[PDB]
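Protein chains in written order, with our numbering: chain A, 1 to 342; chain B, 1001 to 1342.
Here the structure is laid out as structure tokens; the discussion comes afterwards.
2 protein chains.
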Amino acid sequence: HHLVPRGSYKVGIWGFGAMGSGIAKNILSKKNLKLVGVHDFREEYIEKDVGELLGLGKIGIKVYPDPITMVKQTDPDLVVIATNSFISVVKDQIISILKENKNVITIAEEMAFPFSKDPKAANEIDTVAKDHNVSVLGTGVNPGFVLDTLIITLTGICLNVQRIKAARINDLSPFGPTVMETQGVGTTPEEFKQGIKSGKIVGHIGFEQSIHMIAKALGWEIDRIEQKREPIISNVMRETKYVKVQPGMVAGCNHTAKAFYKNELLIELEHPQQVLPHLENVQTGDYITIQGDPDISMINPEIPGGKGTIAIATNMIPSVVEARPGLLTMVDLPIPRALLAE
Amino acid sequence: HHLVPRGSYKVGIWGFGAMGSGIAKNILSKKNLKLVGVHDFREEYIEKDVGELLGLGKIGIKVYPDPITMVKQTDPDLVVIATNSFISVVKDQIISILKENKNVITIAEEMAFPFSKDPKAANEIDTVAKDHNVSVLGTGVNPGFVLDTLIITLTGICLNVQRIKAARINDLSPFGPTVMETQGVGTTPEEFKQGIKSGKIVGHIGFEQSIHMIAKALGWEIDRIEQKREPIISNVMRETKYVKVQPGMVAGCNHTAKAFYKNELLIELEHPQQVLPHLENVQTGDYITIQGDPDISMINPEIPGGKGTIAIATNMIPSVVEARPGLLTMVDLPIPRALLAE
Ligand SMILES: NC(=O)c1ccc[n+]([C@@H]2O[C@H](COP(=O)([O-])OP(=O)(O)OC[C@H]3O[C@@H](n4cnc5c(N)ncnc54)[C@H](O)[C@@H]3O)[C@@H](O)[C@H]2O)c1
Ligand SMILES: NC(=O)c1ccc[n+]([C@@H]2O[C@H](COP(=O)([O-])OP(=O)(O)OC[C@H]3O[C@@H](n4cnc5c(N)ncnc54)[C@H](O)[C@@H]3O)[C@@H](O)[C@H]2O)c1
């Protein structure tokens, strides 16, 4: 009732890495968004022109050494935070922006649905947001879309849902050595085991967030989540510039999650990640099965993680600016849609 | 800012046919909805107990001969109108409810997005809704989901969209003689031609609504829509209790639509409807292709029209009750999701 609608929105960015620089380039293309400032803590970006960093020539938008200075001088309506995955780090970044009376989108995986896993941090964020009449959303391809929002959306044509099973199968081949390491690519089984114990081999971050969003959306409770991270052993040679997988070595990580209530399995999410999956007849894609009334079976190849994340983080901007105050989720907002290029 | 949120919602129904009786049964199953009244103009329903009509025993909810009496005595928060397809008929039904200060959902095909095709009727509805601080939504499987909402949602992971192509392929075999007639099943080509001219053979109602919703959502303009309705000629026998199709006869209707702007094709929607499509290797399903950055290719079998429509019309109820006043569309509301059974 009191919302003043706007026709264009100013955007700032905190974190000018792969995602945040993609986002900046995407915003620059939009008719109804304007990029007004960027911040990153690395000297290689600080005080440089964002246009020139992106290879577009000078556009007169600089990278600020400080995010609060950025916000105060450039006056964005919303800041996109593309920094870290973990609510223990990102919470203070989010709160810093909300205290300067701006909205936030983050792609941090633990922010897609933090209410069950990190209830104190969630409440702290929601409270600051409400106290400053601003909104926060965590989004992304996964978590934020393929294994949560999209699943939920499909249930909208169901009379009732019994259980969900979904899988995202990607190809790690495009990526660099850090990604290869986090999925154990190019390891022996023993090496993989020790990387899992040490945390060097991560698998996927977000299944708990997606499970809890789906559950909340459908009115279910979840009392237990079992996760497994198992090496994907190759029978063939798989090689990129940065990794060599021989037969018997690990080609990546099969991370799966099962969510229960009182020992009834309600949600099963699977995310095998490996290099060159087609070499052993694995087809990449996003696959959703809903068992209910009716049953639904649904994308090949899979939605690209990087490009899709850049996209959705951009595309949600107007909705978040226009949204009610608080810590919001994708389930609270109008359906995602692509914003018009200039 | 002024919205008082509710935890349960009372529902009324106008039109107790295949959809409206399905909807009533679905609402009766929900934890957070209560069915409070039904109206239909046929004597066979009027004054009968809805529970008994549905085979559930007496539940003490009757069918009213008058919808306004229904609303005044049973005090629903929202009325679902499942009567007719055409905005020329349904507009006055919708307006009648809005003037009694209640919200509306309708499944009328021309109400999914009436702003371009029927701008005077749309504005009249939007104006009455706003004047009475209530909301109206048109929804359904098609239009309302598969060839509009769902497509739009998928674009939310795109950087930009060039063009869309989508098809829904169903099987008419389950249906009765009226459906068979509207799709020309069991006709000769000459007969089909004359049924198209007379309006006995309809094809699909809604492509213009879906095209215009997708366009509006993406910020596109459409200046021309070309439609074709061509008979699907069988090479084999196809038979149900109510129809016999011999080789050379028509098995149904291939209705397609192409939407342009300045002669560039932006949206192509296809809905072949025929009996027993598998007999000539046609696979039923809903298929969406987005050409853009990135390209996206997406359900087999197709989302069931009847069950899915019952579902979505029910599932949107809380959102519409909670929504801002006016004539809304699926693009304005939170993502569809299944409501919890009691
Ligand atoms: N939800 C999803 O689907 C999704 C998808 C992609 C990435 N992510 C997450 O988004 C984050 C960003 O991914 P990326 O690929 O852009 O990573 P990146 O390493 O390429 O970029 C991170 C950037 O943030 C900067 N940065 C980090 N901490 C900072 C701080 N405290 N202050 C200022 N600048 C800081 C770094 O200097 C770097 O430029 C990661 O946590 C990633 O896992 C989520
Ligand atoms: N958007 C979609 O995907 C979608 C899907 C299914 C049906 N529909 C539409 O929904 C409508 C209902 O479909 P159905 O299969 O239930 O049709 P139906 O013929 O089985 O039921 C219509 C009912 O409405 C009653 N009725 C009609 N006009 C009335 C009036 N003026 N006052 C009171 N009662 C009245 C009839 O007596 C009948 O019981 C149709 O127009 C149909 O095309 C849309």
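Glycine is no exception: its CB is placed at the ideal position from the N, C-alpha and C atoms.
At a threshold of 7 Å, does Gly1176(B) count as lining ligand 2 (C-beta to nearest heavy atom)?
no
CA nearest to the CA of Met1237(B), picked from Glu1230(B), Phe1260(B), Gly1219(B) and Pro1247(B)
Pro1247(B)
Helix, strand or coil for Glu47(A)? Go by DSSP, reduced to three states.
coil
Go through its chain and collect everything with a Cβ distance to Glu124(A)'s Cβ below 8 Å, but skip five positions before and after it.
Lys91 and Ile95
At 9 Å on the CB atoms, spell out the chain B contacts of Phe16(A), in chain order.
Simply none; closest approach about 18 Å.
I want to check one thing, is the minimum distance from the CB of residue 346(A) to the heavy atoms of ligand 1 below 7 Å?
Since the first residue of chain A shown is 1 and the last is 342, residue 346(A) is not available in this structure.
Which class does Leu172(A) belong to by DSSP, given the choice of helix, strand or coil?
coil
Go ahead and pull the three-state DSSP assignment for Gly22(A).
helix
Is any beta-carbon of chain A found at less than 8 Å from that of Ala1217(B)?
yes
Could you tell me the alpha carbon to alpha carbon distance between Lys72(A) and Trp14(A), rounded to whole angstroms?
14 Å
Mind pulling the chain A residues with CB within less than 8 Å of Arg1337(B)?
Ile152, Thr153, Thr155, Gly156, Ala217, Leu218 and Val331
Using a Cβ-Cβ distance cut-off of 8 Å, determine whether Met298(A) contacts chain E.
Absent from the structure: chain E. Protein chains present are A and B.
Three or more C-beta pairs below 8 Å linking the region 1292-1305 of chain B and the region 1315-1331 of chain B
no
Distance check for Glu1191(B) and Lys1048(B), CA to CA, integer angstroms please.
41 Å
With distances taken between CB atoms, is the gap from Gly252(A) to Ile222(A) smaller than 8 Å?
no
Amino acids of chain A, ordered along the chain, whose beta-carbon sits closer than 8 Å to that of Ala1311(B)
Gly156, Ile157, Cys158 and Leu159
Less than 8 Å between the beta carbons of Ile1152(B) and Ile1214(B), yes or no?
yes
Ends of the alpha helix (DSSP H) at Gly292(A)?
No alpha helix (DSSP H) contains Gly292(A), which is instead part of the beta strand (DSSP E) from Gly285 to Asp293.
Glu1190(B) lies in the alpha helix (DSSP H); which residues open and close that run?
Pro1189 to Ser1198
First and last residue of the beta strand (DSSP E) that includes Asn103(A)?
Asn103 to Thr106
Bridge-paired residues (DSSP) for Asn1254(B):
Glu1230(B) and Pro1272(B)
If we count the other Cβ atoms within 10 Å of its Cβ and call it buried at 16 or more, is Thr69(A) buried or exposed?
exposed
Taking 7 Å as the cut-off, is the C-beta of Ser85(A) nearer than that to any heavy atom in ligand 1?
yes
Quick one: does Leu1340(B) have its CB under 8 Å from some CB of chain A?
yes
Could you list which residues in chain B have their beta carbon closer than 9 Å to that of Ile303(A), in chain order?
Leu1154, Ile1157, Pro1294 and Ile1296
Classification of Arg1224(B) by the beta-carbon crowding that lies within 10 angstroms, buried from 16 upward:
exposed
For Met111(A) and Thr139(A), I'd like the C-alpha separation in whole angstroms.
8 Å
For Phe260(A), which residues does DSSP report across the bridge?
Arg224(A) and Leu265(A)
Less than 8 Å between the C-beta atoms of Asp126(A) and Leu327(A), yes or no?
yes
Does the structure place the region 93-107 of chain A close enough to the region 129-136 of chain A that three or more beta carbon pairs sit under 8 Å?
yes
Range of the contiguous alpha helix (DSSP H) that encloses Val1071(B)
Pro1067 to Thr1074
Which one of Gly1156(B), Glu1043(B) and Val1146(B) has the shortest CA to CA distance from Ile335(A)?
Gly1156(B)
Using only CA atoms, which one of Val38(A), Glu181(A) and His204(A) lies nearest to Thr83(A)?
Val38(A)
Tell me the rounded alpha-carbon separation between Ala323(A) and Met330(A).
11 Å
Beta bridge counterpart(s) of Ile1013(B) as assigned by DSSP:
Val1038(B) and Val1080(B)
Closer than 7 Å: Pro294(A) CB and nearest ligand 1 heavy atom
no
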